[PDB]
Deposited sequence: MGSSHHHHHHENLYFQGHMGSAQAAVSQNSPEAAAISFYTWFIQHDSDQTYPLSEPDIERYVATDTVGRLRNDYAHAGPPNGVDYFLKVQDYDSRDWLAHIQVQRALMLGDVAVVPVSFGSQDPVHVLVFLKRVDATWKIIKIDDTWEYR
């Protein structure tokens, strides 16, 4: 079900390649304060590190990525679900999705890059 949210969301997201953050449908997948803060930061400065917040890249082959969405089983760290996601068939990109009523919502997405 968190795995499920992750997949429906990313499928929906790459499908839509209007920017999807500005669309209200994204609220079906992303926690509400999280959407607010993201739209705000996008308006002000653009997304963190200047890559797409959700895909963590400046460019990608959308066809292949939509074709190759791998999700590993969620980890539970208390209230929080950590879902590993890979995209693509060649040199896949990896992200960690964090999720939290009856539905699971995305509260954060992280890349695997070194902090520096």
| property | result |
| --- | --- |
| Stretches with no C-alpha atoms in the model, relative to the deposited sequence starting at 1 | 1-29, 47-49, 133-134 |
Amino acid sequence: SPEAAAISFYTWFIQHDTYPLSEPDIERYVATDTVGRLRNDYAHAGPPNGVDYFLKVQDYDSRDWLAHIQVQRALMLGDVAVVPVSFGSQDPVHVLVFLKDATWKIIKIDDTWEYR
From here on, numbers count along this sequence of modelled residues.
query	finding
Stretch exceeding the other in mean C-alpha B-factor - 53-61, 25-33	25-33
Residue stretch of maximal mean CA temperature factor, 42-50 vs 68-76	68-76
Identity of residue with top Cα B-factor, from 94, 16, 108, 100	16
